[PDB]
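Here Cβ is always computed from backbone atoms with ideal geometry, including for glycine, and neighbour counts include all displayed protein chains. Every read-out reported here was derived from the displayed coordinates using simple, explicitly stated rules and does not represent laboratory data.
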Ligand SMILES: [Mn+2]
Ligand SMILES: [Mn+2]
Ligand SMILES: [Mn+2]
Ligand SMILES: [Mn+2]
């Protein structure tokens, strides 16, 4: 099993010097760095090549997370937005092909964060999204990318809140490059059973995000890690596990992730490194081959 | 230990014939019905005495929950909003005295639901709220009402997200009628420890809301009910336990609680009744004595 | 699911007036009374018919538990003990036919309690037991009795300590009416996973005994009841659930179950009744199909 | 917090070259090797100083476990056995002083393994044991040794089965060098609450043994490690944590610990080393700094 961390653990904006984080997580012993998609459209082919060379040089696999804007919303009733969204993903998936990235994850069926004052048309957004994702999935297959649909808690999204809804959506899309993605933080709110949710996802599970109930690094909170390892073994999980911890106030990250107290308890960069490496040791030990 | 349920388990709007729910809940064997404050300011003295007489006649204690409007925001930097809020609560608390209600709970330090797009000033809102609540507390004392501040998950408020923040706030207020209120749904997201959060609240714990991780009736989900029972025994909790299950899509309640799937699994009124009664037997059994 | 309790919860010896306990458990709302086999060989035909009629008239199903003596040890290297053991079981099973009982459970592959000072030959005892049990199973089948092999913790037997070992033994026996019986008390010691153990048992699970870690009535201890409910649903469990609580010091039951402190906390008969009824309500609610 | 492991994890007899295991556990990063007391009475003064020199040289602290024989039974009604027991402990405690060992633990109030076929006089054995242990405590105080009384499950002893019984016994002994010792394996059977047992022990807790429910190395089983870390922080635990895993059949160890299946799943010495090191990383990470 391959283990990663989201760069945003260290950063307060949805961009960074990803080369700095490739070198860091390689030293800490991770297999994977997850990076935000949003700066990638601002990269020259030179910058893409040198990011790929950095990843290759440090023995790191890159995965991509994206929180789509309202303008990138494949579910939108406005056919202009759906057309611009499809263009955005087509460009992005081609960048991912040049980057040697084989996995993108997030609320890719919708947008994030969402405007909850808007009138909700779940059945309408659902039907439009399935159609749109099925189209985008043809580009994802051409670019060698797993298009992973993140199951989110009710506060962040209305379309897909449980593993069962995720399986329903992906089954309805009916394309090999579209996968369910589960997140221990999101499962913690919506699911009756964590092991049950993972077994429900079964062969459709393409990615797993990890974090404690309050998004601390895995190990010292209430997430049932042993039950998760057992369920991953039950479904013969052939895929990666990326921890997505957020312990710092401030910036767009602190605001979007709604960190309103110092969850890090005054941690400096070296303290964040030590706890990430401890969480990685824990994750390899507890989650692997049951 | 007294056990209650929120009328809203059965209803898709923030008011109802509370007399109907007093009779139902009395027959199901509850001690307490929790009602929404919203319609109480508009009750004639006749309507108040009718509700009180109905509660007394059925052996049911009434408690009150409130989601304050933006106009009722005691943390507001706008002094006219603060003035309205203080007048609103002063009138409400006089009515609760007439109604023979001795407990109100909710985001009473702030408002709910909140506009999260607005720039956040936590320090400013905190200092203003502490001052505002301390004033309202003196009217709460006169009216014999425990003014209980609900600790909420980061998605619903930024001010008080943990039992420790709740205790810090309530100690700063420094008034005996102002209490911390915990909710298993909210603790499930923000707390390192459920038992730890309860022991942290200790003497300041004035009210407890219950529900599964996804707001189903207590019993068949992942909430550590036994650990809660033990912590309530540890602190010597002398308060009441009110379940706050939300399993129904539709209406303002469905929208505000963000129920985007049929969590009830097609339950009619009779089925909701039986599940509430089973959850009550479970709650009396698992949460008491320890 | 059908729910039972072992009479011995109320009694300090391996016999009693079972008619008294049939009437008690019918009143408390149980489906099943489990009784000890020990006195049954000393029942006249009319005593058997009386017990059967008492059970039938009260809507109660009788199940039988047996701790075999050294002289009833089907695993014994001594061929005379094996011969006497088979004659004992043959007579007992014919008595169970007269009683209209269709389930016997316990360490029926061995004896209980065992002498652990003896040199252990697990390999030899296992081979003899599979052979012996296969022969007795044919008598059980003719009598309409399921022969359920209890998986026990290491302190009570050496042959079958895990669900996997139980499955291995029952597969070797290769008789349809020979089943694995799991016990929450025994699984709590020996199993990596409770849900895993139940899913390992699968179609071989013919009976389930319940009790907290320290053998209190189900509900207020550390046994993961929700996980058990989920696993029973996963395997489509068709059988019954009998709680086997032991909370009283004194006599052969006190000594054999090794109760060396008052686990009942001074409970009189009415208190034992009420705790059993609360555990039954808990068990129906929490274990019932997910 | 100092972490150790019992040498017997690697060995099937109650002795070995302790210097070999000092070197090994130093290499694996342990602070402590726990050793069996059995061979220490057979040690010359030169051998004591050798082992002390090896320990100091490798930066390892030595702790001692003892399973008393029947003739070392401080609870015995036979005053000759009590006389011999006190002589045995007086000599052992003087050797410990020379070895530079400041902690001994086990069923030091009784013996292990016990003959459970004997008539049990719990009240008598308790009264004698308290008096006997109080006298030995004077010698322990002189030799600078913490005399740690292991709380055991009902299958291994009848005197002290819970942390509460442990505290009552130690408080009755009323001596600063006599401590309660808890074991995750034994707590897992007898305790209503793991956190609650540790908080019950509080200031009396002198030593903690760790192991999964079935005595595997900590981390991948059902023991609530986070809850343990929390309770240790609550009582400000000043002591060490020694893992006591037993995963191998064969010899006196296999027999006494009742390992009747290959729990090690065919692990060689190298594999046992790796799993102990994984469990140490897990234990340092999860059990500290709550
Ligand atoms: Mn995520
Ligand atoms: Mn609430
Ligand atoms: Mn049993
Ligand atoms: Mn031990």
When you go through (1) surrounded by fewer than 21 Cβ atoms within 10 Å (Cβ to Cβ); (2) more than 14 Å from chain A (Cβ to nearest Cβ); (3) closer than 21 Å to residue B:152 by Cβ one by one for residue B:205, which number turns out not to apply? (1)
Just need a number here: residues in region A:190-240 that are within 22 Å of residue A:264 (Cα to Cα) and within 16 Å of ligand 1 (Cβ to nearest atom). 12
Can you tell which of D:134, D:128 is away from chain C (no Cβ under 14 Å) and either under 24 Å from residue D:183 (Cα atoms) or touching a residue at least 60 places away in the same chain (Cβ under 8 Å) (or both)? D:134
Go through C:196, C:206, C:219, C:229 for me and flag whichever is within 20 Å of residue C:8 (Cα to Cα) and either in contact with a helix residue (DSSP H, G or I) (Cβ under 7 Å, 6 or more places away or on another chain) or within 15 Å of ligand 3 (Cβ to nearest atom) (or both). C:219
Residue hits (region A:2-42; part of a loop (DSSP other than H, G, I, E, B), more than 16 Å from ligand 1 (Cβ to nearest atom) and either under 15 Å from residue A:272 (Cα atoms) or within 14 Å of another protein chain (Cβ to nearest Cβ) (or both)) are A:10, A:12, A:29, A:30
Among the residues listed as D:160, D:189, the single one being more than 22 Å from residue B:196 (Cα to Cα) and within 16 Å of the chain's Cα centre (by Cα): D:160
Consider residue B:52 carefully, then state whether it is closer than 26 Å to residue B:186 by Cα and in contact with a strand residue (DSSP E or B) (Cβ under 9 Å, 6 or more places away or on another chain). no
Counting residues that are within 13 Å of chain C (Cβ to nearest Cβ) and under 24 Å from residue A:217 (Cα atoms), which helices (runs of 4 or more DSSP H) fully inside region D:225-290 reach at least 1? D:225-234
Consider residue A:217 carefully, then state whether it is under 25 Å from residue A:62 (Cβ atoms), in contact with a strand residue (DSSP E or B) (Cβ under 8 Å, 6 or more places away or on another chain) and not in a loop (DSSP other than H, G, I, E, B). no
Unique residue being within 23 Å of residue D:84 (Cβ to Cβ) and more than 12 Å from chain C (Cβ to nearest Cβ) when the list is D:167, D:173: D:173
Of the residues in region C:144-164, those that are touching a strand residue (DSSP E or B) at 6+ places or on another chain (Cβ under 7 Å) and within 14 Å of chain D (Cβ to nearest Cβ) number 3
Could you pull out the residue among B:33, B:28, B:93 that is in contact (Cβ under 8 Å) with a residue 24 or more places away in the chain, over 20 Å from residue B:136 (Cβ atoms) and buried (at least 22 other Cβ atoms within 10 Å of the Cβ)? B:33
For residue B:101, state whether it is away from ligand 2 (no atom under 16 Å from the Cβ) and touching a strand residue (DSSP E or B) at 6+ places or on another chain (Cβ under 7 Å). yes
Within region D:161-171, track down each residue that is touching a helix residue (DSSP H, G or I) at 6+ places or on another chain (Cβ under 9 Å) and either farther than 11 Å from residue D:109 by Cβ or buried (at least 22 other Cβ atoms within 10 Å of the Cβ) (or both). D:161, D:162, D:163, D:164, D:166, D:167, D:170, D:171
Single unsatisfied condition, residue B:183 versus (1) touching a residue at least 24 places away in the same chain (Cβ under 8 Å); (2) within 14 Å of chain A (Cβ to nearest Cβ); (3) over 13 Å from residue B:150 (Cβ atoms); (4) surrounded by fewer than 22 Cβ atoms within 10 Å (Cβ to Cβ): (3)
For a quick check of your reading of the model, give me the residue pairs whose first member lies in region D:52-67 and is over 13 Å from residue D:103 (Cβ atoms) and within 14 Å of chain C (Cβ to nearest Cβ), whose second is more than 16 Å from ligand 2 (Cβ to nearest atom) and part of a helix (DSSP H, G or I), with beta-carbon atoms closer than 7 Å and at least 6 apart or on different chains. none
